[PDB]
**Q** 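I'd like to ask you about the structure that follows.
Residue indices begin at 1 and follow the sequence shown. Just so you know, ligand 1 is whichever comes first in the structure, and atom 1 is the first atom listed for that ligand. What you see below is based on every heavy atom in this structure, not just the backbone, and it leaves out hydrogens, waters and symmetry mates.
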Amino acid sequence: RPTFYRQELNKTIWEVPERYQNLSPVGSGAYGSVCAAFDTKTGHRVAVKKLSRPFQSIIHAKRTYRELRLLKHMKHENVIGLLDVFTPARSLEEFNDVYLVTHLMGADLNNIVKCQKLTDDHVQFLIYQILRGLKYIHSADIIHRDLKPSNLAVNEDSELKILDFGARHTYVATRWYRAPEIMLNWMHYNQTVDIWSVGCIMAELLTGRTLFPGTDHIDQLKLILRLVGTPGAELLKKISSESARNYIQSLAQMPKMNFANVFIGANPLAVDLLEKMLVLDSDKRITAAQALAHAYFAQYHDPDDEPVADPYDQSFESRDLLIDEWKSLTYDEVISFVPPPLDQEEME
Ligand SMILES: Nc1nccc(-c2c(-c3ccc(F)cc3)ncn2C2CCNCC2)n1
Ligand SMILES: NS(=O)(=O)c1ccc(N2C(=O)CCC2=O)nc1
Ligand SMILES: NS(=O)(=O)c1ccc(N2C(=O)CCC2=O)nc1
Ligand SMILES: [Ca+2]
Ligand SMILES: [Ca+2]
Ligand SMILES: [Ca+2]
């Protein structure tokens with residue numbers, strides 16, 4: 001058994017194996033907080049997330065299980081996955097803390113390294129990586145639902161990973177990148193909710209400005225309609241609230257803008273891709289796999305290196321179990337974790 005040590009980080013005691021050294025805080029994550037660390041076994045830099053009160057309630061307990069299951073399944077170069085998972089507990093009866101370990105990424109997309117402005121080739125690379133990660137998670141029936149720059153971890157070489165993907169049950173989050181069907185609680189939607197978000201992110205990389213910086217959900221909707229035009233009646237089918245439908249229907253009709261008049265001087269291929277992503281008709285929205293084939297990414301696209309995921313069993317999501325049952329299932333997942341090899345890639 002490894003020796004653990006205690007260190008106060010973010011005003012609370014972390015208990016970590018001697019393997020991980022020089023911890024220092026690098027911000028909060030979903031339901032936890034994160035430290036950079038040095039892995040003395042491999043000489044690699046890692047990020048360690050300590051979950052916050054993982055078994056305090058039935059909500060925390062199931063979300064702890066959910067996150068550990070999800071991260072144990074994610075094995076893709078543009079998606080956060082696990083190098084390690086640990087607990088100081090020596091038995092289930094002692095088990096009350098969960099730490100997740102992944103490769104250290106320096107920043108998020110808001111902090112991407114650049115020289116004055118991003119070149120189009122660099123924007124291609126950033127968006128390509130998001131879409132490659134989305135193809136993978138979508139193939140396992142996992143949707144992000146809140147994709148945005150702060151949920152894209154980026155390192156010093158602009159390599160990018162999606163994180164905080166895939167909550168059922170209830171900090172002020174930005175809504176500027178959320179798909180309309182999510183922000184307004186429409187009755188149904190598909191995996192292309194995340195493609196809307198990609199469009200919002202890519203637009204901002206091209207212009208340097210937020211695409212839809214609404215002050216509230218009505219202001220944001222108005223900004224959206226000014227770009228994409230007034231929807232048809234069929235879209236009202238998706239909206240439960242009569243007051244919301246009546247309001248939208250009452251708005252003065254707006255024409256769709258030609259995106260070439262909006263993203264001035266952009267690569268025409270970038271404009272065309274944005275036209276395919278920023279669609280209110282989510283059944284006409286391009287999918288991640290389709291976007292990867294778009295000519296905008298021609299210099300990066302490689303079908304042999306755009307894999308899909310193994311099947312992911314989410315049957316647990318429909319189940320209500322007791323707190324100690326989720327805790328025991330989580331403990332099982334900690335104990336059964338098998339670390340990946342340090343080098344899992346080979347030349348093409
Ligand atoms: N610096 C860095 N590097 C990799 C990941 C993270 C990370 C994690 C996280 C997730 C799982 C895991 F096992 C370990 C860490 N959760 C939030 N973040 C950060 C993402 C960038 N903004 C600050 C929080 N942070
Ligand atoms: N990879 S490790 O060497 O840092 C490590 C960390 C923690 C642990 N551990 C647990 O998770 C439960 C009991 C225990 O000993 N084992 C190895
Ligand atoms: N906010 S804006 O309308 O002034 C604006 C700013 C920047 C841009 N743009 C460029 O300069 C290169 C590509 C692109 O889209 N377009 C519009
Ligand atoms: Ca290749
Ligand atoms: Ca190799
Ligand atoms: Ca090949």
**Q** Between ligand 3 and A266, is the shortest N or O to N or O distance under 3.5 Å?
**A** no
**Q** So, the side chain of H301 versus the backbone of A293: is there a donor-acceptor pair under 3.5 Å, distance only?
**A** no
**Q** Mind listing the protein N/O/S atoms less than 3.0 Å away from the Ca ion (ligand 4)? Waters don't count.
**A** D302 OD2, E348 OE1
**Q** Should the heavy atoms of other residues, nucleotides or ligands under 6.0 Å from NZ of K72 be counted, would the total exceed 12?
**A**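 Yes - once you tally the heavy atoms of other residues, nucleotides and ligands closer than 6.0 Å, there are more than 12.
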**Q** Show which atoms of ligand 3 fall inside a sub-4.0 Å distance from at least one heavy-atom site of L206.
**A** 9 (N), 10 (C), 12 (C), 13 (C), 14 (C), 15 (O)
**Q** Do any N or O atoms from the side chain of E275 and from the backbone of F259 form a donor-acceptor pair under 3.5 angstrom?
**A** yes
**Q** Check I80, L82, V79, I142 against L70 for a side chain to side chain contact (heavy atoms under 4.5 Å, CB included) and give me the one that passes.
**A** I142
**Q** So which heavy atom on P17 is nearest to which on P2, and how close?
**A**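 Taking every non-hydrogen atom into account, CB-CB, 4.3 Å.
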**Q** Closer than 4.0 Å to some heavy atom of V262 - which atoms of ligand 3 meet that?
**A** 16 (N), 17 (C)
**Q** Give every residue pair that meets the side-chain hydrogen bond (donor to acceptor under 3.5 Å, both in side chains) criterion with at least one member in residues 211-228, sequence neighbours excluded.
**A** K222-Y247
**Q** Using the ring of each side chain (for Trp, its six-membered ring), is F86 parallel, tilted or perpendicular to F4, with breaks at 30° and 60°?
**A**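 It falls in the perpendicular class, over 60°.
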